[PDB]
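*Asks:*
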Amino acid sequence: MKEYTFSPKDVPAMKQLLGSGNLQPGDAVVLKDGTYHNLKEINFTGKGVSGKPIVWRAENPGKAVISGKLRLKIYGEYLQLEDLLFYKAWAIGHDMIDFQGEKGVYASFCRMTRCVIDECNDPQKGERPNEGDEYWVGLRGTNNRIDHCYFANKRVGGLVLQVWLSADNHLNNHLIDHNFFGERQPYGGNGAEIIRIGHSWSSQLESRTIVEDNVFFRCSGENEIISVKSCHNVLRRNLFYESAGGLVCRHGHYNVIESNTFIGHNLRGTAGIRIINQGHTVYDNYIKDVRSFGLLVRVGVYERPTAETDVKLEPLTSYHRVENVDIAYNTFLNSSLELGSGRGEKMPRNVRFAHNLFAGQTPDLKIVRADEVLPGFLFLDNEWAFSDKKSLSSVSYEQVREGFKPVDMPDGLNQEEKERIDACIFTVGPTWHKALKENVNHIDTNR
Ligand SMILES: [Ca+2]
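Counting along the sequence shown from 1, when you hit position 123 you're at 128 in the working numbering, and nothing is skipped either side.
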């Protein structure tokens, strides 16, 4: 096993070695302290093996800085980037860092860990809608991992992290864990998501991406923090803090949403979970002080397509009926329930809303097209805890009244929140980046 060391004056030789395919398992490409400007088109390829990846890393964590024009493609097996700081770099074209070489030649078992992407905005792209688009990280292939990274201050349109699916490469089992997705200011239009899993056109395909133990801090570009657009993904134990958007099951089916926590601080645009499409299981989520919606269950325009469906007549970009969704053991604290809104004639069917706590000061419960929507819900053994003890009796729908029991405000909620936040923030991100430590300390001291 060999270490190959380079300095900023050696960018040409560095790019050649990384892109040659000649690196062997256990080898490392090591960058001495400095700023590496304008790498431009750079490939990282090779074949590591399990337990012996090929590594591209800083000699001293955080002191190798990559800036300027960049088009990095990663493809091969068991390749790892570690401890790199991407600062004021930007994409030559659409994609700054991509896990594919030529179309069809993918990364697998590759990993980006303890890296930062901060302020990586093309000066020649604009900050307003339609003034330019660039994506920071594109996942392709299978079994790749993004972990313990910090991504913040994207100011141009486009995704922080896109999971790309195709008809012949969709089932990925990628893992996105222990990352800190920091501030994103309002974009003023669509296309400023943090994570997008698939696309409308790939949304009927199984992805099996796992998004676990991540922090989203002031992610406020648009109404979707995470836009789930594919099937069988798992979103677990994430923290959404002061973020002006929601976790949205936008397209695709059978997504599993477990034990996430939302701390909105009553800020503009903060939201919880938005449900479109079928088959999801939504368990143990805790949604607090969000102002747009706590839970939204939408009508659909079309049924889920079959092989016979002409998707030119029933587009995948539309909205598909909610059916067969289990919503159990969640908490909605000073956060609304909005059931049956949206355009379309496909009412929700077979939605179970059971064992949830709906609590706060004044309840915010919105039911649309009640006599057509409520038959599609089973409300069972929920708890209702609000200041006015007459409030449940004032609800117009007996089926709703019978599905809730009034209770006094439970006394363990502050401790429950502390456990959830403590579990998410003290193992997140790269420890060497001061802004990660500062932002984590902010959450810790402003719960
Ligand atoms: Ca969007």
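No residue lacks a Cβ here, since even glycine has one placed at the ideal position from N, Cα and C.
Between which two residues does the alpha helix (DSSP H) carrying residue 429 extend?
*Replies:* Residue mapping note: residue 429 aligns to position 424 of the sequence shown, counting from 1. It spans 418 to 430 - the alpha helix (DSSP H) in which residue 429 sits, taken as one unbroken run.
*Asks:* Helix, strand or coil for residue 197, going by three-state DSSP, please let me know.
*Replies:* Walking along the sequence shown from the start, residue 197 turns up at place 192. If DSSP states are grouped into helix, strand and coil, residue 197 belongs with coil.
*Asks:* Could you tell me whether the segment 423 to 437 touches the segment 53 to 61, where touching means 3 or more Cβ pairs closer than 8 Å?
*Replies:* The segment 423 to 437 is not in contact with the segment 53 to 61.
*Asks:* For the beta strand (DSSP E) containing residue 72, name the first residue and the last one.
*Replies:* By 1-based counting over the sequence shown, the position of residue 72 is 67. It spans 69 to 82 - the beta strand (DSSP E) in which residue 72 sits, taken as one unbroken run.
*Asks:* Would a C-beta distance cut-off of 9 Å place residue 202 and residue 216 closer than the cut-off?
*Replies:* To locate residue 202, count along the sequence shown from 1; it is residue 197. To locate residue 216, count along the sequence shown from 1; it is residue 211. Yes, Cβ-Cβ distance for residue 202 and residue 216 is below 9 Å.
*Asks:* Indicate whether the contact test is met: 3 or more Cβ pairs, each with one atom in the segment 131 to 149 and one in the segment 410 to 422, closer than 8 Å.
*Replies:* No: the two stretches stay apart, fewer than three of their Cβ pairs being nearer than 8 Å.
*Asks:* Quick check on DSSP: helix, strand or coil for residue 24?
*Replies:* Looking up residue 24 in the sequence shown gives position 19. Here residue 24 sits in helix by DSSP.
*Asks:* Pick out whichever of 316, 213 and 106 has its Cα sitting closest to the Cα of residue 259.
*Replies:* Along the sequence shown, read from residue 1 onward, the residue named residue 259 stands at position 254. Among 316, 213 and 106, the Cα nearest to that of residue 259 belongs to 213.
*Asks:* Beta-carbon within less than 6 Å of residue 343's beta-carbon, same chain only, minus the 5 sequence neighbours each way: which residues are those?
*Replies:* Here residue 343 refers to the residue found at position 338 of the sequence shown. So the qualifying residues of the chain are 298, 301 and 371.
*Asks:* Just to check my reading of the structure: residue 411 and residue 397 have Cβ atoms closer than 8 Å, yes? What is that Cβ distance to the nearest angstrom?
*Replies:* As a first step, residue 411 must be located in the sequence shown, where it is residue number 406. As a first step, residue 397 must be located in the sequence shown, where it is residue number 392. Correct: roughly 5 Å between the Cβ atoms.
*Asks:* Could you spell out where the alpha helix (DSSP H) holding residue 375 opens and where it closes?
*Replies:* One-based indexing of the sequence shown puts residue 375 at position 370. Run containing residue 375: 375 to 378, per the alpha helix (DSSP H) assignment.
*Asks:* Closest to residue 108 by C-alpha separation, out of 188, 355 and 78, would be which residue?
*Replies:* Translated into the one-based positions of the sequence shown, residue 108 becomes position 103. Checked all of 188, 355 and 78; the closest Cα to residue 108 is 78.
*Asks:* Going by beta carbon distance, what residues of the same chain come within less than 8 Å of residue 316, once the five residues before and after it are set aside?
*Replies:* One-based indexing of the sequence shown puts residue 316 at position 311. Closer than 8 Å at Cβ, skipping near neighbours: 310.
*Asks:* Report yes if the C-beta of residue 228 is less than 8 Å from at least one heavy atom of ligand 1; otherwise report no.
*Replies:* Numbered from 1 along the sequence shown, position 223 holds the residue referred to as residue 228. Yes, the Cβ of residue 228 comes within 8 Å of a heavy atom of ligand 1.
*Asks:* Using alpha carbons as the reference points, say which of 380, 407, 377 and 374 lies closest to residue 388.
*Replies:* Position 383 of the sequence shown, counted from the first residue, corresponds to residue 388. Nearest C-alpha to residue 388: 407.
*Asks:* Tell me which residue opens and which closes the alpha helix (DSSP H) that residue 99 is part of.
*Replies:* Within the sequence shown, the letter at position 94 stands for residue 99. Here residue 99 belongs to no alpha helix (DSSP H), and DSSP marks it neither H nor E.
*Asks:* Can you determine whether any heavy atom of ligand 1 sits closer than 8 Å to the C-beta of residue 139, and answer yes or no?
*Replies:* Start at 1 with the first residue of the sequence shown, and residue 139 comes out as number 134. No, ligand 1 has no heavy atom inside 8 Å of this Cβ.
*Asks:* May I have the straight-line CA-CA distance separating residue 101 from residue 76, to the nearest angstrom?
*Replies:* Walking along the sequence shown from the start, residue 101 turns up at place 96. Walking along the sequence shown from the start, residue 76 turns up at place 71. Whole-angstrom Cα-Cα distance: 5 Å.
*Asks:* Hey, how far is the Cα of residue 323 from the Cα of residue 307?
*Replies:* Taking the sequence shown and counting its residues from 1, the one referred to as residue 323 is at position 318. Taking the sequence shown and counting its residues from 1, the one referred to as residue 307 is at position 302. Straight-line Cα distance between these residues: approximately 8 Å.
*Asks:* Considering Cα atoms alone, identify which of 442, 73 and 435 is closest to residue 66.
*Replies:* Here residue 66 refers to the residue found at position 61 of the sequence shown. Closest option to residue 66, Cα to Cα, is 435.
*Asks:* Return yes when the C-beta of residue 195 is under 8 Å from any heavy atom of ligand 1, and no when it is not.
*Replies:* For the purposes of this step, residue 195 is taken as residue 190 along the sequence shown, with counting starting at 1. Result yes, Cβ under 8 Å from ligand 1.
*Asks:* Take every Cβ of the segment 6 to 14, pair it with every Cβ of the segment 30 to 40, and state whether three or more of those distances are shorter than 8 Å.
*Replies:* Yes, the segment 6 to 14 touches the segment 30 to 40.
*Asks:* I need the DSSP call for residue 414, collapsed to helix, strand or coil.
*Replies:* As a working note, residue 414 is residue 409 in the sequence shown. Coil.
*Asks:* Can you check which of these residues, 334, 247 and 273, is closest to residue 263 by C-alpha distance?
*Replies:* Working through the sequence shown from its first residue, we reach residue 263 at position 258. Cα-wise, what sits closest to residue 263 is 334.
*Asks:* Assuming residue 257 and residue 209 make a contact with CB atoms under 8 Å, what is their CB distance in whole Å?
*Replies:* In the sequence shown, counting from the first residue as 1, residue 257 sits at position 252. In the sequence shown, counting from the first residue as 1, residue 209 sits at position 204. The pair is a contact, with the Cβ atoms about 7 Å apart (cut-off 8 Å).
*Asks:* Can you list, in chain order, the residues of its chain with a C-beta nearer than 7 Å to that of residue 130? Leave out the 5 residues immediately preceding and following it.
*Replies:* Within the sequence shown, the letter at position 125 stands for residue 130. Result list for residue 130: 136, 137, 139 and 161, in chain order.
*Asks:* Return the CA-CA distance between residue 462 and residue 19, expressed in angstroms with no decimal places.
*Replies:* The question about residue 462 has no answer, for the chain in this structure spans 6 to 452.
*Asks:* Between which two residues does the alpha helix (DSSP H) harbouring residue 442 extend?
*Replies:* For this step, residue 442 is matched to residue 437 along the sequence shown. 439 to 450 is the span of the alpha helix (DSSP H), which, as asked, contains residue 442.
*Asks:* So the candidates are 81, 325 and 268; which of them puts its Cα closest to the Cα of residue 350?
*Replies:* The count along the sequence shown starts at 1 and reaches residue 350 at position 345. Cα-wise, what sits closest to residue 350 is 325.
*Asks:* To the nearest angstrom, report how far apart residue 156 and residue 358 are at their CA atoms.
*Replies:* Here residue 156 is taken as the residue at index 151 of the sequence shown, counted from 1. Here residue 358 is taken as the residue at index 353 of the sequence shown, counted from 1. Distance between the alpha carbons of residue 156 and residue 358: 35 Å.
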